[PDB]
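S.K.: The structure file entry.json (JSON, C-alpha atoms (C1' of nucleotides)) is provided below.
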[["chain", "number", "residue", "atom", "x", "y", "z"],
["B", 90, "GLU", "CA", 88.74, 69.48, 122.68],
["B", 91, "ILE", "CA", 92.13, 71.12, 122.09],
["B", 92, "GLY", "CA", 93.26, 68.80, 119.34],
["B", 93, "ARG", "CA", 95.35, 69.26, 116.20],
["B", 94, "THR", "CA", 93.43, 72.36, 114.99],
["B", 95, "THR", "CA", 95.42, 74.90, 112.96],
["B", 96, "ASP", "CA", 92.89, 77.43, 111.70],
["B", 97, "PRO", "CA", 92.93, 80.37, 114.14],
["B", 98, "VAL", "CA", 89.37, 81.41, 113.27],
["B", 99, "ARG", "CA", 88.17, 77.90, 114.22],
["B", 100, "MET", "CA", 89.90, 78.30, 117.59],
["B", 101, "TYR", "CA", 88.33, 81.76, 117.85],
["B", 102, "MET", "CA", 84.90, 80.22, 117.26],
["B", 103, "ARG", "CA", 85.67, 77.61, 119.92],
["B", 104, "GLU", "CA", 86.81, 80.23, 122.44],
["B", 105, "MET", "CA", 83.73, 82.35, 121.71],
["B", 106, "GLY", "CA", 81.40, 79.36, 122.03],
["B", 107, "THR", "CA", 81.74, 79.34, 125.82],
["B", 108, "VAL", "CA", 79.65, 82.51, 126.28],
["B", 109, "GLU", "CA", 75.89, 82.64, 125.69],
["B", 110, "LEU", "CA", 73.67, 84.92, 123.64],
["B", 111, "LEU", "CA", 71.89, 87.87, 125.25],
["B", 112, "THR", "CA", 68.13, 87.89, 125.81],
["B", 113, "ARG", "CA", 65.60, 90.69, 125.26],
["B", 114, "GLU", "CA", 66.02, 92.22, 128.73],
["B", 115, "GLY", "CA", 69.55, 91.45, 129.93],
["B", 116, "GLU", "CA", 71.54, 94.03, 127.97],
["B", 117, "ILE", "CA", 69.49, 96.86, 129.51],
["B", 118, "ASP", "CA", 70.72, 95.58, 132.89],
["B", 119, "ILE", "CA", 74.30, 95.39, 131.59],
["B", 120, "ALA", "CA", 74.04, 98.95, 130.25],
["B", 121, "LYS", "CA", 72.57, 100.01, 133.60],
["B", 122, "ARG", "CA", 75.62, 98.48, 135.31],
["B", 123, "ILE", "CA", 77.86, 100.33, 132.84],
["B", 124, "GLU", "CA", 76.09, 103.62, 133.62],
["B", 125, "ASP", "CA", 76.26, 102.80, 137.34],
["B", 126, "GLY", "CA", 80.04, 102.46, 137.05],
["B", 127, "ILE", "CA", 80.20, 105.74, 135.11],
["B", 128, "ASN", "CA", 78.05, 107.41, 137.78],
["B", 129, "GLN", "CA", 80.25, 105.91, 140.52],
["B", 130, "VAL", "CA", 83.49, 107.15, 138.93],
["B", 131, "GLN", "CA", 81.93, 110.60, 138.40],
["B", 132, "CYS", "CA", 80.61, 110.83, 141.98],
["B", 133, "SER", "CA", 84.02, 109.80, 143.35],
["B", 134, "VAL", "CA", 85.91, 112.35, 141.23],
["B", 135, "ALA", "CA", 83.30, 115.00, 142.13],
["B", 136, "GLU", "CA", 84.50, 115.96, 145.62],
["B", 137, "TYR", "CA", 88.20, 116.38, 144.75],
["B", 138, "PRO", "CA", 89.04, 120.08, 145.27],
["B", 139, "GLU", "CA", 92.02, 120.45, 142.91],
["B", 140, "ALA", "CA", 89.91, 119.04, 140.07],
["B", 141, "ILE", "CA", 87.34, 121.76, 140.83],
["B", 142, "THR", "CA", 90.04, 124.44, 140.60],
["B", 143, "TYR", "CA", 91.23, 122.84, 137.34],
["U", 1, "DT", "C1'", 156.06, 152.63, 73.00],
["U", 2, "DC", "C1'", 153.45, 147.97, 73.02],
["U", 3, "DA", "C1'", 152.30, 142.82, 73.81],
["U", 4, "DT", "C1'", 152.29, 139.71, 77.83],
["U", 5, "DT", "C1'", 151.51, 138.27, 82.39],
["U", 6, "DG", "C1'", 149.35, 138.84, 87.22],
["U", 7, "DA", "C1'", 145.37, 140.49, 89.68],
["U", 8, "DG", "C1'", 140.95, 141.98, 90.26],
["U", 9, "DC", "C1'", 135.88, 144.00, 89.55],
["U", 10, "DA", "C1'", 131.02, 145.47, 88.14],
["U", 11, "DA", "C1'", 127.34, 143.16, 86.29],
["U", 12, "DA", "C1'", 124.06, 139.55, 84.62],
["U", 13, "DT", "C1'", 122.14, 135.27, 85.45],
["U", 14, "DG", "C1'", 121.12, 130.94, 88.07],
["U", 15, "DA", "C1'", 119.95, 129.15, 92.65],
["U", 16, "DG", "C1'", 117.67, 129.61, 96.70],
["U", 17, "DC", "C1'", 115.73, 131.06, 101.38],
["U", 18, "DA", "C1'", 112.39, 133.12, 104.85],
["U", 19, "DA", "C1'", 108.24, 134.46, 106.35],
["U", 20, "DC", "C1'", 103.46, 134.67, 105.35],
["U", 21, "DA", "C1'", 98.75, 133.92, 103.18],
["U", 22, "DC", "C1'", 95.39, 131.01, 100.72],
["U", 23, "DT", "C1'", 93.71, 126.21, 99.70],
["U", 24, "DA", "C1'", 93.23, 121.67, 98.28],
["U", 25, "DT", "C1'", 93.99, 117.01, 101.10],
["U", 26, "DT", "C1'", 93.30, 113.96, 104.82],
["U", 27, "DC", "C1'", 91.72, 112.09, 108.98],
["U", 28, "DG", "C1'", 88.68, 111.66, 113.30],
["U", 29, "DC", "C1'", 83.96, 111.02, 114.10],
["U", 30, "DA", "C1'", 78.73, 109.37, 113.44],
["U", 31, "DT", "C1'", 74.89, 106.79, 111.05],
["U", 32, "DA", "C1'", 69.78, 104.22, 116.31],
["U", 33, "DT", "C1'", 63.44, 98.83, 113.71],
["U", 34, "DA", "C1'", 66.05, 94.41, 113.46],
["U", 35, "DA", "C1'", 70.06, 92.22, 111.91],
["U", 36, "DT", "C1'", 73.84, 87.17, 116.85],
["U", 37, "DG", "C1'", 78.99, 80.48, 114.37],
["U", 38, "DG", "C1'", 82.89, 80.25, 107.49],
["U", 39, "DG", "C1'", 84.43, 78.49, 102.69],
["U", 40, "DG", "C1'", 87.49, 75.49, 100.42],
["U", 41, "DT", "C1'", 90.87, 72.80, 99.20],
["U", 42, "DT", "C1'", 93.36, 67.59, 96.89],
["U", 43, "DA", "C1'", 92.27, 64.22, 95.48],
["U", 44, "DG", "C1'", 95.26, 57.63, 89.64],
["U", 45, "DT", "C1'", 102.47, 60.04, 93.10],
["U", 46, "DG", "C1'", 107.12, 57.21, 94.19],
["U", 47, "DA", "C1'", 110.69, 56.26, 96.96],
["U", 48, "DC", "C1'", 113.22, 57.03, 101.09],
["U", 49, "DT", "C1'", 114.24, 58.59, 105.77],
["U", 50, "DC", "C1'", 113.37, 60.30, 110.59],
["U", 51, "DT", "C1'", 110.57, 60.56, 114.63],
["U", 52, "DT", "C1'", 106.76, 59.04, 117.62],
["U", 53, "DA", "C1'", 103.76, 55.54, 119.35],
["U", 54, "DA", "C1'", 101.22, 51.36, 120.52],
["U", 55, "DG", "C1'", 102.25, 46.35, 120.54],
["U", 56, "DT", "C1'", 105.46, 42.08, 122.22]]
Give the structure from this file in structure tokens form.
M.R.:
Amino acid sequence: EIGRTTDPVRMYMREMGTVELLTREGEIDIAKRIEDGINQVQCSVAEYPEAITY
DNA sequence: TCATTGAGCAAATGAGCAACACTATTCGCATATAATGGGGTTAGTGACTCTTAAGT
């Protein structure tokens, strides 16, 4: 638990122990979600007319 | 008539600036098989005091 620890890298390794490792397939899905957000922000800035004149 | 004082002046040298042109430094950026949880103390202190905490 959160005891008497004083090394900050030990607390960093505790606070990074909550997440899990990535499998063979999952990071392609995460990168697809990243590219989906990039495509969404591009397709929402697309139809702005003053950006087209810029 | 000439030495002495009061004032200044052209010229030579030292310092430096202003704008521009070339160039040696320096920094932002990119590496695509896979790589997925760390070392390193202090070890035969002593005595005393202050605070916190279980025990009564």
S.K.: Write down, as a ChimeraX atom specification, each residue of chain B that has any atom within 9 Å of an atom of chain U, counting all atoms listed in the file.
M.R.: /B:98-99,102,105-106,110-111
S.K.: In Å, how far is it from atom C1' of residue U:41 to atom CA of residue B:97?
M.R.: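 Value for the atom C1' of residue U:41-atom CA of residue B:97 distance: 16.9 Å.
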S.K.: Atom CA of residue B:92 and atom CA of residue B:107, how far apart in Å?
M.R.: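 For atom CA of residue B:107 relative to atom CA of residue B:92, the distance reads 16.9 Å.
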S.K.: For atom CA of residue B:121 and atom CA of residue B:140, quote the distance in Å rounded to one decimal.
M.R.: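 Straight-line distance from atom CA of residue B:121 to atom CA of residue B:140 works out to 26.5 Å.
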S.K.: Tell me, as a ChimeraX atom specification, which residues lie within 12 Å of residue B:90, counting all atoms listed in the file; anything in the same chain fewer than 2 positions away does not count.
M.R.: /B:92-94,99-100,103-104
